[PDB]
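Only one chain comes next, encoded as C-alpha cells, the form deposited in one PDB entry.
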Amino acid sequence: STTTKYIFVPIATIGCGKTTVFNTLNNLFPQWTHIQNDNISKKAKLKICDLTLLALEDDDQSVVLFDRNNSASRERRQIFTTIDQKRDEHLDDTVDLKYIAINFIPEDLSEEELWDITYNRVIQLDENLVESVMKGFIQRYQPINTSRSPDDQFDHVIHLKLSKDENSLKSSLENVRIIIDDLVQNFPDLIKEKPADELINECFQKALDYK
C-alpha cells in the first residue's frame, strides 16, 4: 500500500560522534543503511544523495543514516532539494519520505566547549591539517532553525547531548538511547519495542572500539 521511509540527517561538526552513533544504530538494526560521505570518492559518479535514493528503492530498505556533517544551512538545503527533484527517478508515488534531523550540537553549547570536546576526541603537519579542516566545519556551522528555510522541511528533530563523559557514561551512548526512546515515542512503527539495554551497550562497545 503506502510505505514510509526515513532519512536521518545529522547537524554536526567533526568528532561529534556521528559515525559512532550511526554505527551503533546499524549494529542494533542491521536492515538500516549507513551511507558514509567520508567513504565516497570526491569524483564518484553516484554521490551521497544518489546512493540514498538508490538504497530506498528496495522494499528491504526503509532507513538511511545520512552520515555527513551538514554544519552549514546550504548543506541541509542541498539534501532537501536534491532528493526532492530526483526521487521520482527511483521511487513510485506510494513511498512517503520523512526527514529526521539528528542535532549533535546543543543550542546552548559554546564554540569553546564544542572545540574542547571534539578536538580532544579527534587527536586522541597532519595535525595542523586535521585542525584546520575541523575549524572549517565549525566556521561554517549554522545551528538548526526550524522557523525558516531550509530546516523547516524537517519532519522531526532529535536533540542530542554533547558533554564531557560523566559517571563513566559516554555521551554518544546516551545519545543512542535518546534516539531509540524518541523513535519509540514518535515513530512507533519504525522500532516496535526497544532492544535490551545490554544489547545497546554491546552494540555501542563494538562501534566505540572500532579502529
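For clarity, a rigid core is taken as the largest C-alpha set superposing within 1.5 Å between two forms. Counting begins at 1, following the sequence as shown.
A chain break between residue 110 and residue 111 is not present, all residues of the deposited sequence in that interval being modelled. Here the stretch with the larger average CA B-factor, out of 9-17 and 187-195, is 187-195. Checked against the record, the higher mean CA B factor of 77-85 and 98-106 lies with 77-85. Across the options 123, 117, 72, 91, the residue with the most elevated CA B-factor in the record is 123.
Across the residues 46, 64, 178, 28, the deposited record lists the maximum Cα B factor for 46. Residue 153: CA B factor in the lowest third of modelled residues in this chain (values from the PDB entry).
Compared with the other modelled residues of the chain, the Cα B-factor recorded for residue 68 ranks in the lowest third. In this PDB entry, the Cα temperature factor of residue 174 sits in the bottom third of its chain's modelled residues, the lowest group. Ranked by C-alpha B-factor against the other modelled residues of its chain, residue 146 falls in the middle third. Annotation for residue 55: CA B-factor lies in the middle third of the chain's modelled residues.
FYI, the form deposited in another entry isn't displayed, but the following is about it.
After superposition on the rigid core, displacement of the C-alpha of residue 44 between the shown form and the other one stays below 2 Å. Residue 131 is among the residues whose C-alpha shifts by 2 Å or more between the shown form and the other one once the rigid core is aligned. After superposition on the rigid core, the Cα of residue 152 moves by less than 2 Å between the shown form and the other one. Whereas the displayed form keeps them at a certain spacing, the CA atoms of residue 168 and residue 21 lie at least 3 angstroms closer in the other entry. Relative to this form, in the other entry the C-alpha atoms of residue 34 and residue 165 separate from one another by 3 angstroms or more.
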